[PDB]
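Next come the chains, spelled out residue by residue.
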Amino acid sequence: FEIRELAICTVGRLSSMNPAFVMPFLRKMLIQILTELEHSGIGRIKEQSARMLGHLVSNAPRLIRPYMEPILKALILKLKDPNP
Amino acid sequence: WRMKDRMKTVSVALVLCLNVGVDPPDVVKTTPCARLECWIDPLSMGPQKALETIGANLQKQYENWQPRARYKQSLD
Amino acid sequence: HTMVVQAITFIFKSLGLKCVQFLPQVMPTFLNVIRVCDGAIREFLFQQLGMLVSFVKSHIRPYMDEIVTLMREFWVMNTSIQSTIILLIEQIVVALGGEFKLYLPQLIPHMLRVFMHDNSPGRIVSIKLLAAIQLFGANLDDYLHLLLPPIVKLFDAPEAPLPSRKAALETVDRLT
Amino acid sequence: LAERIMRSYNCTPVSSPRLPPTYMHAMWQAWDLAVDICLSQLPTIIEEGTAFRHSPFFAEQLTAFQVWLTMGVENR
Amino acid sequence: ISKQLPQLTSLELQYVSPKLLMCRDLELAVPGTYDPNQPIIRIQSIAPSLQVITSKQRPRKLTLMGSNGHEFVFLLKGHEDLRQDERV
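Residues numbered from 1 in each chain as written, not as in the entry; some residues may be left out. Chains lettered and ligands numbered in written order. Part of a larger assembly, values for the part shown. Heavy atoms only, no water.

- This deposited entry lists cryo-EM as its structure determination method and 3.74 Å as its resolution.

What follows is the structure, encoded as structure tokens:
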């Protein structure tokens, strides 16, 4: 999982150099992370998904800025759910 | 890299065995089923009128890609 | 219970594809009955409902959400109930096909929990769930990243039984 | 596109010259991204009536081509 | 238009009058239903489709939805007076 975090951080860091190859792949990974958070009822998986989402937010603001609303809505829905 | 030959689609044949208003015996469709053929609802404007309209619309759709072709429609 | 349900299933089988007419009459009552049933009748009712869905194929869409809700409510650690629900899942996916991807995420947590903890002898429940995942087909494209790591851990764990890891490898190969 | 769409409904379009499958190609992700970016402005275009800005897809692709050319001396 | 007329089997609100299709939860009571003692049954919604009867006069078959939840089917008579029928 840590290698995944480092890789996604590196890829998001490269989103400005080669947007054409990175932005679509990062959009797909964002979709996968979001559905993981929404559907997987596992603490470890959801925690890893949230960590990957945070790394993606930190490293690729430009890709996520159009998608700020759904990500925020999903995080809010997660917050309203009844692991630290 | 040279093009060996330039072929042209002179004519287009549009056979539409839609059979408006009658369901084929093989498939029993659901009550809603699928009613959009070439973005036209057959049941709204009557069987023959819908068949002709769908044929004309499909001819227009093909003309959108190949305007220069002879289009002859066969309806059932 | 068993008498009337067997009669209903036999009539639906005999009618063939014309049995769709009786869906509005039977489906809501059947779902309510399965909801309010108790004891060993539950698994038999789920099996007969699977047979009914197999007969009905694409016309079971309106009641599919309620069927999924019932399955989620009544899915427990019991081996027999899990097996019956897996068979019902296989019949559902072979009935619907493309549209099953809509209802798959609801069922995903139960499969994930089964993969996480399965004390069945030989992990036969896990093997049957692997077969169901094989039958899933193209509907798993939007959720492969979720189901795959459980199977990966399944066929990579040395402690897992050999037939279970063989089933996992076959499932991955088929999904490929 | 028809093959990609039909794959999601357990339908496999067939061509007389067998084409290798193309539903998994990464370019479809770029297609989806461009479609989403373009249609995100539609609520403002129809209701508010803003000026439709051009999609940066081609600019990004040319930037990627330039990046390739920067190191693409080798016959890779 | 004579050729077109038989094909006009049914009429949809979005074509003939989107104004009615817009109408929702009107305080206006269902016609011929108001009573000084009974509670007012105001119009809830109008069905999008009207099934025109294939007759010489081609009367429409309008169906309304009441606030009480009960449908009220009506026949839209055209080019004929109804005051006489009112007195009758």
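Some remarks on the overall build of chain B
In step 1: Scanning chain B from N- to C-terminus turns up 1 helix and 2 strands.
In step 2: Each helix and strand of chain B, ordered N terminal to C terminal, gives the series β-α-β.
In step 3: In terms of overall dimensions, chain B is more spread out than a globule: its C-alpha atoms have a radius of gyration of 16 Å, far above the 11 Å expected for 76 residues.
In step 4: Expressed as lengths along the three principal axes of its C-alpha atoms, the size of chain B is roughly 55 × 25 × 20 Å.
In step 5: Relative to its full complement of 76 residues, chain B shows a buried share of 22%.
In step 6: A sequence separation of at least 24 residues applies to 63% of the contacts in chain B between residues at least 6 apart.
In step 7: Charge separation in chain B, taken as the distance between the mean sites of 11 positive and 8 negative side-chain charges, equals 16 Å. (Helix = DSSP H or I, 4+ residues; strand = E, 2+ residues; numbered from the N terminus. Rg over C-alpha atoms; globule rule 2.2 N^0.38 Å. Buried < 20%, exposed > 50% of the residue type's maximum accessible area, 1.4 Å probe, protein only. Contact = heavy atoms within 4.5 Å. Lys, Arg positive; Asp, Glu negative; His and termini not counted. Charge placed at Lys NZ, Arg CZ, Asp CG, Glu CD.)

Thoughts on the nonpolar core
The tendency in soluble globular proteins is for nonpolar side chains to be buried as a group.
In step 1: The biggest cluster of nonpolar side chains holds 62 residues, and the ones touching the most others in it are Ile60(C), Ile67(C) and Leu147(C).
In step 2: Once residues within four sequence positions are removed from consideration, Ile60(C) is found in contact with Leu23(C), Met27(C), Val53(C), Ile67(C) and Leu96(C). (Core = buried A, V, L, I, M, F, W, Y, C linked by side-chain atoms within 4.5 Å.)

A short note on the pattern of salt bridges
In step 1: For the structure shown, the criterion picks out 6 salt bridges over all chains.
In step 2: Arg42(C) serves as the salt-bridge partner of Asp38(C), at 3.5 Å between the closest nitrogen and oxygen.
In step 3: Here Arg83(E) ties to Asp81(E) by a salt bridge, and the two come within 2.7 Å at their closest N and O atoms.
In step 4: Take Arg83(E): its relative accessible area is 62%, and that puts it in the exposed class. (Salt bridge = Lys/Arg side-chain N within 4 Å of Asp/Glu carboxyl O.)

A look at the layout of surface pockets
Empty space among the atoms becomes apparent when a probe as large as a water molecule is rolled across them.
In step 1: Considering only enclosed or pocket space, the largest pocket measures out at about 1,600 Å³ in volume.
In step 2: Elements that contribute at least two residues to the lining of the largest pocket include exactly α2 (19-39) of chain A, α8 (144-156) and α9 (162-175) of chain C together with α1 (2-7) and α2 (27-39) of chain D.
In step 3: With 6 residues, α8(C) is the largest single contributor of residues to the lining of the largest pocket.
In step 4: Partitioning the lining of the largest pocket into residue classes produces 20 nonpolar, 9 polar and 10 charged. (1 Å grid on protein atoms, 1.4 Å probe; cavity = no way out; pocket = protein on both sides within 12 Å on 5 of 7 lines; lining within 4 Å. Points joined across faces, edges and corners; volume = space filled by probe spheres on them. Nonpolar A, V, L, I, M, F, W, Y, C, P; charged D, E, K, R; others polar.)

Quick look at the side chain of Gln91(C)
All names here are of chain C.
In step 1: Checked against the element boundaries, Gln91 lands in helix α5 (residues 79-96).
In step 2: For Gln91, a relative accessible area of 10% gives the class buried.
In step 3: Dropping the residues within four chain positions of it, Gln91 is found in contact with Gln47, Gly50, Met51 and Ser54.

Considerations on the packing of aromatic side chains
In step 1: Across all of its chains, the model carries 4 aromatic pairs over all chains by this definition.
In step 2: Pairing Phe12(C) with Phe22(C) gives two aromatic rings, centres 6.3 Å apart and planes at 70°, and the pair type is edge-to-face. Taken together, the positions of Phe12(C) in helix α1 (residues 2-15) and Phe22(C) in the loop between α1 and α2 (23-36) put the pair 10 residues apart, joining distant regions of the chain.
In step 3: Note on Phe22(C): relative accessible area 30%, which makes it partly exposed.
In step 4: Directly above the aromatic system of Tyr9(D) lies the positively charged group of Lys101(C), at a separation of 5.5 Å from the ring centroid. (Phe/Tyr/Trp six-rings, centres within 6.5 Å; stacked < 30°, edge-to-face > 60°. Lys NZ or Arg CZ within 6 Å of the ring centre and 35° of its normal.)

Here's the deal with the pairing of strand β2 (residues 70-75) of chain B
The side chains of a regular strand alternate between the sheet's two faces.
Residues and elements named next belong to chain B.
In step 1: Across 6 bridges, strand β1 (residues 11-16) lies against β2 in parallel orientation. Residue pairing for β2: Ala13 is matched across the bridge by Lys72.
In step 2: Crossover handedness for the path β1 to helix α1 (residues 47-65) to β2: right-handed. (Pairing = 2+ DSSP bridges. Right-handed = clockwise from strand over helix to strand, strands pointing away.)

Digging into the sheet that holds strand β2 (residues 43-46) of chain E
Strand pairing in a sheet relies on backbone hydrogen bonds. The paired strands run either parallel or antiparallel.
All names here are of chain E.
In step 1: In spatial order, the strands read β2-β4-β5; together these 3 strands make up an open sheet with antiparallel pairing. For this open sheet the edge positions go to β2 and β5 (71-76), each flanked by a neighbour on one side alone. Taken pair by pair, the neighbouring strands of this sheet meet at an average axis angle of 35°, ignoring direction.
In step 2: Inspection of the sheet shows strand β4 (residues 60-66) paired to β5 by 6 bridges, in the antiparallel sense. Bridge pairing in β5 places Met65 opposite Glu71. (Axes fitted to C-alpha atoms, helices over the stretch in contact; angles between N-to-C directions.)

Looking at the pairing of β4(E)
In step 1: The sheet contact formed by β2(E) and β4(E) spans 3 bridges and is antiparallel. Bridging across to β4(E), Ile46(E) finds its partner in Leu64(E).

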